[PDB]
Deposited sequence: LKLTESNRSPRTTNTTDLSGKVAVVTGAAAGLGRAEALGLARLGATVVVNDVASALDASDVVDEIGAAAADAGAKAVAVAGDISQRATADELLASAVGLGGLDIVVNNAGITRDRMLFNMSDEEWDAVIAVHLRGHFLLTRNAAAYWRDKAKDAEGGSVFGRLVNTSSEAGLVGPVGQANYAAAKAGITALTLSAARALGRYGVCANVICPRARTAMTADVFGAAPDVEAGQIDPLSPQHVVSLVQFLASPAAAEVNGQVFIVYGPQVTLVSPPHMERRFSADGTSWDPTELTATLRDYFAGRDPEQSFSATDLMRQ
């Protein structure tokens, strides 16, 4: 089914932009959305008003927790607000910043800040939701639990852009973090998946991403776990795992140093 009535969702970075569009999309399917962003971003917008408007349009409600997602206290507060509303069913890790800089000019703070919000912020909420879902599965008749996890990576994690080493490293770690979550929680009914979105009728409208997140948050995605998606425009692309390009097996027990040098140097001879 596509309906999300009586289900509690948590969305980070939901004050504006894509996180706001996702939070509106969930509350509009009946989900009770716990929106998170920095107190400053929540005050400058009215997402908590545009939601609970749309959420109580469909019977649900909407609380707004403020805080830095890189801080443990914020992830603890998000889990607390959800449990107080009935439980936790859907989590959409979306909050993120950028500190673009050529690698040889990138400072420690520019690296640390992006890693904290993206990678550590994803971990804190993913770990908390994993602990809750695992425990609720222990107390559930059937040893299972409904759980949906949607982490937001990026195509930068695959290409490693110039001037975005921090952003690319965090986004690649988020994928690896989510693959562990899917492998650890899949046997109890939790689905953890990754989206690599591009967002600005408009071919870059966030609604292109929202419709995919709505699926990844619905029970209809029960057989979707540990998958990575690229979505922008009217297309959704399923990324395959990395494959091997060439195997360099030695004609013995161990590679000889010069023997290996000759093989690799020749393979990369006509290399662009």
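Trainee: Missing C-alpha stretches, by deposited numbering?
Mentor: Going by the record, the segments left unmodelled (no C-alpha atoms) fall at 1-14, 215-232, 305-317.
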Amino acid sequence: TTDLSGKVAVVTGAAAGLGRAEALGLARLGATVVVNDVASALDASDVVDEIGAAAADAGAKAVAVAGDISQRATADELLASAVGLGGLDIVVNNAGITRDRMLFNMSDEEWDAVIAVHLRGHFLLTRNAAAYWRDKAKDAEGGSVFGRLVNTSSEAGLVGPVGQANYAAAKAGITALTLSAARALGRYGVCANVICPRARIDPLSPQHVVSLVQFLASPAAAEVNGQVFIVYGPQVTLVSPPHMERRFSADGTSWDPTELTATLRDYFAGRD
From here on, numbers count along this sequence of modelled residues.
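Trainee: In the PDB record, does 54-62 or 212-220 carry the higher mean Cα temperature factor?
Mentor: Stretch with the greater average CA B-factor: 54-62.
Trainee: Taking the recorded C-alpha temperature factors, which stretch has the higher mean, 145-153 or 81-89?
Mentor: Result of the comparison: 81-89.
Trainee: Just the C-alpha B-factor column, please: which of 45, 225, 70, 36 has the biggest number?
Mentor: Answer, based on the entry's C-alpha B-factors: 45.
Trainee: Sorting the chain's CA B-factors, does residue 118 end up in the lowest, middle or highest third?
Mentor: Bottom third by C-alpha B-factor.
Trainee: Using only modelled residues of the chain, where does the Cα B factor of residue 253 rank: lowest third, middle third or highest third?
Mentor: For residue 253, the deposited C-alpha B-factor lands in the highest third.
Trainee: Taking the chain's C-alpha temperature factors as the reference, tell me which third residue 136 falls into: lowest, middle or highest.
Mentor: Middle third.
Trainee: Of the three thirds of its chain by CA temperature factor, lowest, middle or highest, which one includes residue 177?
Mentor: For residue 177, the deposited C-alpha B-factor lands in the lowest third.
Trainee: Thinking about Cα B factors across the chain, which third does residue 14 belong to?
Mentor: Answer is highest: the recorded C-alpha B-factor places it there.
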